[PDB]
């Protein structure tokens, strides 16, 4: 699963890139006030779900990331996460 982990990691790092966040109103509207999103919501996004439905593999791919931070079931951008949330 190592290569699949790499593809999943780079995909989710794109969702949490500044490039994407400046236009990703859906994702920001789903953030809580600290920037956190359920990892299972990210798991449902088409390009991730195509790669895997294995939630342990998604968690392991994100543990590998410098871009995001995981707390329990939730994930957010590590850098300035509070700047991105939007009203639902």
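Positions refer to the first chain, counted from 1.
Asks: Once you work out the mean C-alpha B-factor for both 57-65 and 44-52 from the entry, which is higher?
Replies: Mean CA B-factor is higher for 57-65.
Asks: Relative to the other modelled residues of the same chain, rank the CA B-factor of residue 27 and answer lowest, middle or highest third.
Replies: Answer is lowest: the recorded C-alpha B-factor places it there.
Asks: Of the three thirds of its chain by CA temperature factor, lowest, middle or highest, which one includes residue 75?
Replies: Ranked within chain, residue 75 CA B lands in the middle tercile.
Asks: Ordered by C-alpha B-factor within the chain, which third holds residue 21? Give me lowest, middle or highest, please.
Replies: Tercile = middle for this residue's CA B-factor.
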